[PDB]
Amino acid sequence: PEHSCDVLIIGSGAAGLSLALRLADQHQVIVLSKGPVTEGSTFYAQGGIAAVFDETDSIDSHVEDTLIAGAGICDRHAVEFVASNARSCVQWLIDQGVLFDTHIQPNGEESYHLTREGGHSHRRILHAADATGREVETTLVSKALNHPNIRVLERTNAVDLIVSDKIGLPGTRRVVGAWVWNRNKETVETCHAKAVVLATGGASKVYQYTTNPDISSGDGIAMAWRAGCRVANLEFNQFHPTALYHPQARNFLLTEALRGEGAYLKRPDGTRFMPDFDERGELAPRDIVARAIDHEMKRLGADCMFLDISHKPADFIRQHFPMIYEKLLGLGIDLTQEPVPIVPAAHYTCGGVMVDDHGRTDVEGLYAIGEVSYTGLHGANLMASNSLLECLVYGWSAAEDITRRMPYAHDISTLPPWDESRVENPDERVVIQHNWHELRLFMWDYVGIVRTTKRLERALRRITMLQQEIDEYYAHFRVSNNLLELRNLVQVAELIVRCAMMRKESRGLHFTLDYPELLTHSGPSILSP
């Protein structure tokens, strides 16, 4: 028909492309990508992927580090599980063409050089200079493009998934495709499939400041919800503690790896502030550091803080942080000689769509893996470099489950075409622009790093106004990117806030002045549609 395949993968970053390869030798796969095929967080990951490779290190530490960085609510099977398959998955990646920095020199022979970021307690982060992402994305991309059974559809923005009991199909609720805005030809076309996989990324763009590409609008979280999936833990959004505070800093992240190799966190006056907050100093986990930086900006009334690796050999630095060095230089900053100004910005969505060990969601035929998901691995706070890591493990387990299921799968039926609504309004379009800004601004102030019930009230009320306001002014409006994206950001913002109002405690990334203490029995926050 319009478009047909066996497995439709929505998203083409680490989660999707990698899942796509595993499926390719025996399935017909179509990977969508809302912008160019490589635009996505993955392409921008710097510091690398955690796995366990050193004789000295052990799966045990990597788990325990994760259970700690997760502030008590990581789900254990989930952490071990995943702790227990990296390299293999990491190895798989390598067997695909990925080149991680080789050492040269244990004191006998060559290996994979390894960094560390906060919460780690052994060195096990494979990287490629200070720009792992480019190497992974670039490669999975190239493999998927040169494979007969995977069709890559760029500039294709999914709008919603097709659920059988919603289009009068009979049988249990299950996904059977998605309607997609074909950016280039400006229609919504229909894509049929036997399995749909959400690999869309996260949502940090709901926040005014973020380390993210402009794609990270939470679309798949929203799609899944509109389709019936429960979602969880969306109050746990991570604000990476060191993003560049420079006017031309579109949105840039200085890797945690910097701290991992000696970088320092300083006050505008030169002093190191972390030890006022946590023995773990520069390498404590992110909810705690981000909070400290936030605390100090407020107390001091300062625009910012600084990241300094000067104390270190120009050469070390330039060989281990090429990309960041090349690029702070264009902004007339010398990572080699000066402290860089940095601020905490929205970086990763710890929560998302509930899914089990094979990436399955609550709706048959619908999977989700990667940042768009919630597995239990990150509890209340991700540990650095577990993210790409989750993307890979779940692309595997999911490939396995699907593969086993495809042979018994129902035959690809015809579907209703999307009802292109078609009204226009040059001015109201602009308004859709005001609202996006509006949202991102109030979520920063009202569902940010420090929180209170009363601010969460303000946030929900404003989101409610936005949704009422949207049904009313943009239910008949012709599809477009901005409108698609705004419906999604607003939807996801609701789940975030509602999840945040449920937690009567301060844990991991959720900190609220009205409950500074810990409950003794916690768990995830769960919302169902």
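The first residue of the sequence shown is number 1, and the count goes up from there.
Per-stretch averaging of Cα B factors for 248 to 256 and 208 to 216 places 248 to 256 on top. In this entry, 106 to 114 has the higher mean Cα B-factor, the comparison being between 84 to 92 and 106 to 114.
Each of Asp445, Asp357, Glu457, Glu338 has a CA temperature factor in the record; the biggest one is found at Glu338. The entry assigns its greatest Cα B factor, within the set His378, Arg318, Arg286, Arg451, to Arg318.
Placement of the Cα temperature factor of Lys34 within the chain: middle third of the modelled residues, per the deposited record. Among all modelled residues in its chain, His434 ranks in the lowest third by Cα B-factor. Among the modelled residues of its chain, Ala475 has a C-alpha B-factor that falls in the highest third according to the deposited record. When the CA B factors of the chain's modelled residues are split into thirds, the value for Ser525 lands in the lowest one.
Annotation for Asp54: C-alpha temperature factor in the highest third relative to the rest of the modelled chain, per the entry.
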